[PDB]
Every structure is written in structure tokens, then in C-alpha cells.
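So this first bit is one chain, no partners, the form deposited in one PDB entry, shown in C-alpha cells.
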């Protein structure tokens, strides 16, 4: 158990720029004598709640904002209090992503949106529609390739297709999310999941495909397309594949509607280094220099810090990131998000494996997502 007075332990996902973050932490230590240790545990977002209070948790946790409302409901995150002048440094909607029950509960870092990534050599003109993917596969198969591979095991990657024709998580009503009104079993959701299952049934994709499989396949030039976020561009760069980043395909004429994450830094409410954490995040990390260090390790996306984002906006890959983000939605941060993701994960796996029909799978998801639950689990 590693938290100590006068030091900082930080958790961040292993696909993100943790080496670049450690370098900002090295500068923080030179200036203040406060040692910064960056770790990237597996499933850090699941690990956090049970080890935050007394266990081997971090002083700071980096994850997409959707998990944070749940943490805050259990009293696990320190309220943050940036002054108006600091808040004016970041885009206003990023602060909203980390506001829960009237309070700011994390520092926004970057907007992460999924994009269509394609191999320009295999596919100089990527498809505008999901509907044309089966034919494109048949063509590419004839040449020993495949059209599209992406991570099917995480609902984050499949949601954009499910949402395209009308699927939604929770209904927004009377200025709040109605946790009893779940939209994963409506006509549009069924159409989206049906198209996905069919891709698998007709052998255009493999139901067991996961993150590492899709990444290697794309970076080794075996598949023409993948779906992934900005963090993934660094490894493609190393692979020397000639790639483009572009708008996701439409479904039934409607844009894919990814749920968009705001990478955020939360401060452990039981940390004895909360003031230290605030200083690191405000004065070191959220600066042109700090973000550049993390970004050059693994790209962050459209950063929350205006001054730096204005420099990044020149990048066509960022422009594509922003375009997909605008066609999707910043995730709700309500505690019920984890139940929602769990319901969709289960439905997608069950439908893709043939263990349930789409209709059966989604009906169950709607029921489960809506089940009442208190702040400690369920």
C-alpha cells in the first residue's frame, strides 16, 4: 500500500501516455521535492473504489469522466476548486463533464472520441456507410485481407453503431437523466445490434476480436480499417502503415453516435496530499508544456486547454476526432453508467455468440440497466 504523506501516486490506463506523465511528475519533484509515481494497473477504474479509502489506491486517478459520478456518490473524490481564471483556461463543456451534483469532482484533460482509422494503401477511399462493409470485405478477402477489425469485447466500440439509428442510454427529461427510462431496446438499438451480429454471422468479423487483435491486424496491414481513439495513433506511426483518420460510417443514413469520454483526473478524497495533487494538476499538468509531454507520448485527443488545443486543431486527425465527437455525445456521469455499460456489454456478447437473439439480449439489457441500485453496488 503505497500512498505516503509528501508523495503522489497516480493511476492511468496503460494505453495512454504514462511515460509522458511521469516526465511532468519528474519536473514537479525537482520543483517541490514531491516524488510522483505513475502506475498503470489493469482495470484501474474497477480497482479504485475498494482500495481508495484504506487500501493501496492512488492519490490521483485518470479515467474517462463517466465513472466519476459513481465515485463521487460514494464520497471517494475530493471536490476541486479551480478559480474562475483557471476555469476560463479550459472549454466550458469540459467542466460540465466533471460536474456532479453541483460540484466539480475532477480536472478535465482531453476529449476522447472514436474515429474510423483506415489503411490508405489498401483502401484509398474509406466507406461512408456501414452497409457497404460486407461487400468491401468480400473484395478484400479475395486478396487475403479483411475490411474491418475493432474491439468487440468493450461496448464503448459498438455503442456508436447501436446509437446511430436511435439507441440511447438514459432518457433526458425535466433537465435530468431518467434512470428508469433506458433506450437500449428500441427499434434503432435493435437495428444496430442486428447489423453487427450479421457481420459476425456472415464471417466479416470475429466475435472474439479484442483490442490487441484489432490493433496488431491494422498495424500489420492485414485489415483495411479499425475503430479507435487518439491514443492509438502512436503505435500506428511506429508501424509505418500509411493511415488516415476519418468520420465514422453512417448507419441507415444517420451518423454513428459514439459516447464521448473526457479524460479526467480525480483526486482521492482520502489522500493526505490533496493540496499537492491540486498543485500538480493545475500548475504542472494543465499547461501547454505539461500536456505536450503527455501528448507526444500518446496523443490525448482534443485537449481541454484552449491554448494547446488551438495548436492541435491544425492536425487533420484531431479535426476528424472533433467531427466524430460532435456527432456523438459526451457521456452522462451519473452513477448508473456502470450498470448501463454492463448491460450493453452482456447483451452484445450474448447476441454476437448466438447465445441469445438480438431481441432477447436487448430486452434483458433494458431490464437490467433500469434496475434500482444504491451507492454501494447491486
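Numbering follows the first chain given and starts at 1.
Below: the form deposited in another entry, not depicted.
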Determine whether residue 122 and residue 190 are assigned to the same rigid part when the chain is split into two bodies between the shown form and the other one.
yes
Between the shown chain and the other structure, the Cα gap of residue 92 to residue 254 differs by 3 Å or more. Is it closer or farther in the other form?
closer
Answer with closer or farther for the CA-CA spacing of residue 96 and residue 326 in the other form compared to the shown form; it moves by 3 Å or more.
closer
